[PDB]
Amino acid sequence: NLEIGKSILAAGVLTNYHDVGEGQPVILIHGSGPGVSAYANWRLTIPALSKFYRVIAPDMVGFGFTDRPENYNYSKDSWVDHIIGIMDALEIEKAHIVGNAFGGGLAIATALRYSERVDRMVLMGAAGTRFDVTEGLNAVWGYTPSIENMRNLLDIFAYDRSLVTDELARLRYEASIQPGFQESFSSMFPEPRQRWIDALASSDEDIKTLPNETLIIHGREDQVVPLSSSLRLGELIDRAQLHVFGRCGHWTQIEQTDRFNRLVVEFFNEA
């Protein structure tokens, strides 16, 4: 399974992660869909970025192939602790961070608690500001295994549904039923789910204090996280740029791959 990479103890948790490239460190933080993993989310991003940076893509605790501690208390702060633990384990003193949705919320939270450890940030269809739960988000977090349910989720993520093939739905369905996966996932964001959007978000006041050069990316047609959320982040963060892709859903790094990779690399090249 290519989603399985290297292993390292971070914040007391055995963590699965990928580490490719040399130079300035860049941490990629995946989203929160069923069966999600760093590799699944970033396989088309890592190759492009690793040509100029050292790319670290870890499976957040509770997701992918990282250990799922018994009675583990999942929370924004614990996930931030995990990210910092990973950086500490790898002697990464400061790094840029790219966060996808759920991961974007964690990126913001990490920059607020550990400002000196975070350089530039790329927030893609990111959580971080309170917004009313969408049917798309409730479908994703409320997922129960089945090829039809996975096909529906992939459709929710995609702008061009022609990309959602029976094979892809089958492979992600299989990833979602791996031992312990659906168990940790279903217990993560139970109803009412608005509670978790609110808990993962950061306050307007706090976000305004972010000193980091930031690149906010969003797909116009995103059915999971509304475009309005990124527009808000664009008003709150001072040194920010907003890039909205038309004809693109919540699958930005997948449906606008080359454009996304180019924007990110050039953005980091400025540093």
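One rule holds for the numbers: they count along the sequence shown, beginning at 1.
The question of which stretch, 123-131 or 190-198, has the higher mean Cα B factor is settled in favour of 123-131.
When the two stretches 62-70 and 242-250 are set side by side, the higher mean Cα temperature factor goes to 62-70.
Of the residues listed, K76, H82, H96, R161, the entry assigns the biggest Cα temperature factor to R161. Residues shown: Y173, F157, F185, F102. Highest C-alpha temperature factor in the entry: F185. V264: CA B factor in the lowest third of modelled residues in this chain (values from the PDB entry). Placement of the Cα temperature factor of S32 within the chain: middle third of the modelled residues, per the deposited record.
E213: CA B factor lies in the middle third for its chain, per the PDB record.
When all modelled residues of the chain are sorted by CA temperature factor, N152 is found within the middle third. Ranked against the other modelled residues of its chain, the C-alpha B-factor of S50 as given in the entry falls in the middle third.
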